[PDB]
Asks: 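Provided herewith is a single structure, encoded as C-alpha cells, for subsequent inquiry.
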Amino acid sequence: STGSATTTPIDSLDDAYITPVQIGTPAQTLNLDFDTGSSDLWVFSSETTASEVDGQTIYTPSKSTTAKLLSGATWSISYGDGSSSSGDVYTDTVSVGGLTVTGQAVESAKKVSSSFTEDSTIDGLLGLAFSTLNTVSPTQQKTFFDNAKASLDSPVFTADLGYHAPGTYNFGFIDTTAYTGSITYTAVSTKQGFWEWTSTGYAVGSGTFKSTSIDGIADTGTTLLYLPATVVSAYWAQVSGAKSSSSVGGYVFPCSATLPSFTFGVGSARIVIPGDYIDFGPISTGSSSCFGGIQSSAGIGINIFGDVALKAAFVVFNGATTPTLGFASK
C-alpha cells in the first residue's frame with residue numbers, strides 16, 4: 001500500500017504545516033501537524049476542556065463506530081518549545097492520503113497548553129519519530145508509520161515541504177519526479193528516539209564550505225533551523241545590522257536586508273537554503289526588525305534541522321531495519 005497527502009502552511013510565514021487526516025467511522029477529518037520530532041498522535045476532542053478549545057476541529061469518539069477506549073491508558077507530553085498536552089486514549093481507524101491503519105492509538109486531549117489553544121489551525125499532532133518516545137502509559141503505543149510499515153510497498157515516508165506553498169507527505173514510495181539529481185543517504189542514530197544524523201558541514205552565501213560534523217535531528221515539527229552558536233554567528237555576521245537580542249529571544253535583522261543563502265552538507269552532497277527562507281518577518285506588527293530563521297541551539301541541548309532546512313530538500317525517512325535519511329535538492 002501507499003499513501004499521499006498534501007501538507008499546507010498554516011500562515012504566510014510557514015510557521016507550521018497541516019495535513020488532513022481521516023479518523024473514525026464515518027471519517028472525522030482533522031488537520032494535524034506531522035511531527036518527525038515526536039511520537040504521539042493526539043487530537044483536540046470532545047473531551048478537551050471547553051475553555052481550551054478555540055476554533056479547532058475536534059474528534060468525538062462517541063460518534064465513531066470503530067472507536068474503542070484503550071482502558072487505563074493515559075498520555076502526557078511536553079515539547080521543546082514549552083507547550084504541552086495530556087489526556088486518555090482510544091484506538092480507531094486512521095487514514096492519511098488513502099493509507100489506512102486500523103487500531104491506531106488516537107490520544108484524546110483532556111488538557112492542552114495555551115499555545116495550542118491559541119492556534120486555531122492545528123487540530124493535533126501526528127508523530128513520526130520512533131515509537132520508543134511515545135508517551136502512552138502503562139502500555140506504550142506505536143506511531144502511525146510504525147503501524148503501517150509492514151503493509152507499505154517500501155518501509156519509508158517522504159517529506160516535501162513547500163516554501164510559502166503546499167507540499168506533500170508520501171508513505172510507502174519515493175516519487176522520483178519530486179526532486180532533482182540524486183538522493184544522498186546518510187546514517188541515522190535512533191538512540192534518542194529521533195531521526196538523528198550528522199551533517200558534514202556548512203557554507204554561508206557564496207562562501208567556502210566548512211567541513212565539520214554537526215549532529216542534529218530532522219524535525220518537521222520545528223519551524224526553524226537550530227545550529228551551534230559558532231555556525232549561527234558566522235551566518236548572521238554576513239547580514240549588516242543583525243544581532244542577537246535577549247529581549248526578543250534570538251537573532252533579529254533589519255527587514256531591509258537581503259539575506260544570504262545557507263548550505264548544509266549531507267555526505268558529499270549540498271543542500272542550499274535560499275536566503276528568503278530564513279526571513280520570518282517583523283518581530284511585531286509594523287516593526288522594521290525581522291526575526292531570523294537560523295537560531296542558536298545552545299541551551300536546547302540538540303541541533304534541529306527544522307522546516308527552514310527541510311523545506312529546501314526532498315527528504316526520505318527510511319524505516320528499514322537499519323533506518324537512514326535521504327536528502328535531495330528539488
Side-chain angles (χ1 to χ4, degrees), residues 3 5 7 16-17 19 32-42 77-81 96 99 125-135 140-141 143-148 152 154-161 167-175 178-179 183-190 192-202 213-228 264-267 269 271 273 297 300-330:
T7 191
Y17 297 77
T19 309
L32 305 189
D33 185 351
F34 282 24
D35 181 10
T36 62
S38 69
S39 308
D40 287 51
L41 194 175
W42 75 260
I77 191 161
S78 307
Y79 299 101
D81 68 355
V96 176
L99 170 67
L125 268 63
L126 187 149
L128 294 166
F130 291 87
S131 293
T132 55
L133 297 179
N134 175 268
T135 76
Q140 186 174 62
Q141 301 294 303
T143 69
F144 172 83
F145 178 52
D146 218 336
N147 281 324
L152 296 177
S154 182
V156 307
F157 68 89
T158 64
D160 181 8
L161 305 177
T168 305
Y169 281 101
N170 290 328
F171 292 85
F173 73 106
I174 291 164
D175 180 357
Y179 59 87
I183 306 178
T184 298
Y185 289 86
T186 195
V188 165
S189 174
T190 64
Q192 293 189 87
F194 300 123
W195 293 92
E196 187 173 2
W197 64 290
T198 302
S199 170
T200 49
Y202 70 98
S213 297
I214 306 170
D215 180 297
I217 65 168
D219 186 1
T220 60
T222 290
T223 315
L224 305 184
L225 174 52
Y226 293 89
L227 294 169
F264 62 93
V266 182
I271 299 294
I273 306 168
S297 65
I300 291 177
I302 195 158
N303 300 306
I304 309 174
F305 295 86
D307 300 333
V308 166
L310 302 183
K311 77 177 82 172
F314 178 87
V315 188
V316 180
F317 294 80
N318 170 24
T321 306
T322 295
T324 64
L325 273 172
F327 293 82
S329 294
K330 67 189 184 188

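Here, residue 1 is the first one in the sequence, and each next residue gets the next number. All values below come from the heavy atoms of this structure, side chains included, with hydrogens, waters and symmetry mates left out.
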Asks: Any idea how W197 and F305 line up, ring-wise: parallel (<30°), tilted (30 to 60°), or perpendicular (>60°)?
Replies: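 Geometry flag for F305 against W197: tilted rings.
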Asks: Can you confirm whether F264 sits close enough to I214 that some side-chain heavy atom of one is under 4.5 Å from a side-chain heavy atom of the other?
Replies: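 The answer is no, as the side chains (C-beta and beyond) never meet within the 4.5 Å cut-off.
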Asks: Checking the side chain of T143 only, and the main-chain atoms of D146 only, is there a donor and an acceptor separated by less than 3.5 Å?
Replies: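 Answer holds: yes.
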Asks: Do you know which two heavy atoms are closest between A16 and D307, and how far apart they sit?
Replies: CA-OD2, 4.4 Å
Asks: Please report the interatomic distance CD1(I304) to CD1(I217), rounded to the nearest 0.5 Å.
Replies: 5.0 Å
Asks: Which atom pair, heavy atoms only, marks the closest approach of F145 to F317?
Replies: CZ-O, 4.4 Å
Asks: About how many Å separate CG of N170 and CG of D175, when rounded to the nearest 0.5 Å?
Replies: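 Nearest 0.5 Å value for the CG-CG distance: 6.0 Å.
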Asks: Is there a side-chain contact between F157 and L128, using heavy atoms and a 4.5 Å cut-off?
Replies: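 The answer is yes; the side chains approach within 4.5 Å.
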Asks: Between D35 and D219, is there a side-chain heavy-atom distance shorter than 4.5 Å?
Replies: yes
Asks: Return the CG to OH distance between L99 and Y169, rounded to the nearest 0.5 Å.
Replies: 15.0 Å
Asks: Distance check, rounded to the nearest 0.5 Å: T132 atom OG1 versus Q140 atom CD?
Replies: 6.5 Å
Asks: Given side chains that start at C-beta, do those of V315 and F327 come closer than 4.5 Å, heavy atoms only?
Replies: yes
Asks: Roughly how far apart are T168 OG1 and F314 CZ, rounded to 0.5 Å?
Replies: 9.0 Å
Asks: What is the minimum heavy-atom distance between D215 and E196, and which atoms define it?
Replies: OD1-OE2, 2.5 Å
Asks: Kindly give the heavy-atom pair with the smallest separation between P323 and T190, and that separation in Å.
Replies: CG-CG2, 4.0 Å
Asks: So which heavy atom on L125 is nearest to which on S38, and how close?
Replies: CD2-OG, 4.3 Å
Asks: Out of the candidates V156, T158, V96, only one should pair with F171 under the side chain to side chain contact (heavy atoms under 4.5 Å, CB included) rule; please name it.
Replies: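 For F171, the side chain to side chain contact (heavy atoms under 4.5 Å, CB included) test succeeds with only one of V156, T158, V96, which is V96.
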Asks: Taking all non-hydrogen atoms of both residues into account, name the closest pair between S199 and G265 and its distance.
Replies: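 Heavy atoms of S199 and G265 come nearest at OG-O, 2.8 Å.
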Asks: Look up atom CG in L325 and atom CD1 in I183, then write down how far apart they are to the nearest 0.5 Å.
Replies: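 It comes to 11.5 Å.
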